[PDB]
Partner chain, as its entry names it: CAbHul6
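There is one chain below, alone, in structure tokens, taken in the form solved without the partner chain.
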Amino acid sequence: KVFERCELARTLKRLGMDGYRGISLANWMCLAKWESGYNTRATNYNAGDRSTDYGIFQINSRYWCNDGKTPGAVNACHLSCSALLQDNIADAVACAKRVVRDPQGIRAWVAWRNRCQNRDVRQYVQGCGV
């Protein structure tokens, strides 16, 4: 599914993401936009290290989900990577919350540092009613 901006913003609020471990809704929105363009079925194979990024938040298979084919991988969210390609984002959100529970927090995603950190991120939630 490709979410529309405000549709996603309202969905993430209801799933308890606003201020989760100190992270504002607008930052989660900036993250999803730059990772996948709000697309739940986005996958990106990383040839450099044989891992794959899955779903709306492009969660990596080396640490977070199991796809079987990534060497030396763990599965900290206790999910098949397949769960991260559903239209319903409940599992992707539960796994994203697990990612930011580590010390790096939202910095775990490099796209966030590049595209979101120290920016005016108000634009991603403006007029959405959240």
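Positions refer to the first chain, counted from 1.
For this session: Quick one: say whether 115-123 or 8-16 has the higher mean Cα B-factor in the deposited entry.
Result: Averaged over C-alpha atoms, the B-factors run higher in 115-123.
Exercise. When the C-alpha temperature factors are averaged for each of 46-54 and 26-34, which stretch ends up with the higher value in the entry?
Worked result: On average, C-alpha B-factors are higher across 46-54.
Problem set entry | Residue with highest C-alpha B-factor in the PDB entry, from 80, 70, 39, 86 | Result of the comparison over 80, 70, 39, 86: 70.
For this session: Sorting the chain's modelled residues by C-alpha B-factor, tell me whether residue 97 ends up in the lowest, middle or highest third.
Result: Its C-alpha B-factor, which the entry lists for residue 97, ranks in the lowest third among residues of this chain.
There is another form of the same protein, the form deposited with the partner chain bound; it is not shown, and what comes next is about it.
For this session: Let me know which residues along 12-32 have a heavy atom within 4.5 Å of the partner chain in the entry with it bound, or say none if there are none.
Result: Those in contact are 14, 15, 16, 20.
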